[PDB]
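Presented as structure tokens, the chain that follows is alone, the form deposited in one PDB entry.
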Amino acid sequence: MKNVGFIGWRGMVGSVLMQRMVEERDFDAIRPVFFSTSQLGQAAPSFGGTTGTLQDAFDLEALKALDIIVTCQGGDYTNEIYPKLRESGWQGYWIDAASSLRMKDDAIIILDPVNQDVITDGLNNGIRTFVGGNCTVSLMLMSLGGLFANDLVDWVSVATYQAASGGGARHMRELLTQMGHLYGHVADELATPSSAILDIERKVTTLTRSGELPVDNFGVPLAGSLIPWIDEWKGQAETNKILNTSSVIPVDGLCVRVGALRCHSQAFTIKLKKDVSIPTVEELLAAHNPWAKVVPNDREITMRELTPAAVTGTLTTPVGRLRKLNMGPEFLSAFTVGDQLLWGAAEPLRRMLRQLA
């Protein structure tokens, strides 16, 4: 068994990765070693039914001893340790969630259901650095894979409805907290059927502007609002790198933060390179991978499936609202949904590790 080291497994993304792994009995084929900056020496998580102790995540020697390293610690860590190891000659595998190395020439952005061939190739060409990509690019590709995989995309226009998990656990709590600030502030009136909505709405509108609303992480309120700003914006580089395209496929738009917990939803306007019937596109998208669930353009089903409430916590990345826009049948529209913590973050790592195990 190869010796695999895990960093930042306590964090949220880390937590999802562990849970997922436990679920797929990922620890069975490997030797897990756990790191932490806090209690080096204390009991080890014992996810792989293992019995050990926490190693120093900042001890180069302990890291050099590993065959593979899976970090969910962030770019601050990666930007410090990675070069120290590589420059020291360490030739082990590095699986990162942080963006820091995504654009390195000796690194590959991983998304096997989409670019497995690029991974296997690079694997054989001596690439020992694999990084997960943008939470939005990832989900977009998981959904629209069939279209890109058939060289049918000219460029992509996007508008996103991003979740709080994209910011962090703190952001997710804030959202949920503000959600209770608005309701309570009008609990009574809402209880009484004989109340004036405008009076109800004037109270919350005010509160929202008062300052009594916790906005530390977000800066501005999110509950009952949105933020057209997210602290290559859109992932054109990563998108093209993940697909190892021949020509550049423009990918631009606007990213917006909405009051969701984990799912990232996106509205697209894809300029097809050739007039393809919608049914064909339905087939193409449906085939590519088993997670790109195609939702017919019907009212009922769309409301049932194509929503965060439906996707959250699942590995499904549904595509819907597929139809040709008025600007020409060479124009396609699609709306996708997908959990950010899974395919948008950990899932790709979990599977890369499986490949190298």
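Heads up: residue numbers just count along the shown sequence, starting at 1. Between two forms, the rigid core is the largest collection of C-alphas that superpose within 1.5 Å.
From this point on, the text means the form deposited in another entry, which you will not see here.
Per-residue Cα shift between the shown form and the other one after core alignment stays below 2 Å for all of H185, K241, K271, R262 except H185. Comparing the forms between the shown form and the other one on their rigid core, the Cα displacement of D151 stays under 2 Å. Taking 2 Å as the criterion, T129 does not count as shifted between the shown form and the other one: its C-alpha moves by less than this amount when the rigid core is aligned. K203: CA moves 2 Å or more between the shown form and the other one after rigid-core fitting.
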